[PDB]
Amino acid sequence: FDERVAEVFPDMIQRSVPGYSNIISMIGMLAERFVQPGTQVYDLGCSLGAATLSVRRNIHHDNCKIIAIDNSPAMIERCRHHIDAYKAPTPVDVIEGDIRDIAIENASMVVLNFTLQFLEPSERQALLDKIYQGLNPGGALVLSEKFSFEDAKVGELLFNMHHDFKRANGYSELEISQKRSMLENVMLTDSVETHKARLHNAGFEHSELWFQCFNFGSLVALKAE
């Protein structure tokens, strides 16, 4: 099963997460502006390195490193092989491990691309605090998540739109689909208001949504210079 998820992951995420590919492209554009020479980037919950490779293709400074981490050995196996397929001047530390345990040092950029929802709600403040402290001045965090909505009528609409999206995209063709819809119904999501409040609570002077499509989106958080 973890290998099966790892095998199909790109196609699964494409068919289930509206705007994913857009976010990944925007992550690259941000990297081009925010990765400073001699600094590092963290990809927290890296899966197969989709965000890592997007950053990496947009770093043209010397002496950087990306640190990519996932606690799934199936994802890590495959991410290390996938990253070895592409040539670039920035090396990557692919580390199998727990994001709640790893230190964040000298970071011009941090990426939580559909990863925070996997922690228990009560552990989410403490990861964000750490990322904040670990970011250099002027550094950026990207936080992409499935959102819940406090207005139940809007929530219903967006749930329906998401369902229509999955239908349009042949989501049910995937063998793994039944077990992934089971995960989504068991997952604990937060609202944008909740995400913003936690970011501010971590120390972030600036945060805003920079992407949304239906019930999925991404915030950018900026540490003052």
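One rule holds for the numbers: they count along the sequence shown, beginning at 1.
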- Quick note on 19-27 and 205-213: per-entry mean CA temperature factor is higher in 205-213
- Message: Test of understanding: from the entry's C-alpha B-factors, which stretch has the higher mean, 110-118 or 92-100?
- Response: 92-100
- Reading the B-factor column of the entry, which of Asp43, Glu175, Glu32, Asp164 has the highest value at its C-alpha atom? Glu175
- Reading the B-factor column of the entry, which of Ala168, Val55, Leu157, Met187 has the highest value at its C-alpha atom? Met187
- Task: Report the third (lowest, middle or highest) to which the CA temperature factor of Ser148 belongs, ranking only the modelled residues of the same chain.
- Result: middle
- Task: Taking the values exactly as deposited, rank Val220 by C-alpha B-factor within its chain and report the matching third: lowest, middle or highest.
- Result: lowest
- Going by the entry, which third of its chain does the Cα temperature factor of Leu48 land in? lowest
- Item | Cα B factor band for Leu127 (lowest, middle or highest third within the chain) | highest
- Task: Place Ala74 in the lowest, middle or highest third of its chain's C-alpha B-factors, as listed in the PDB entry.
- Result: highest
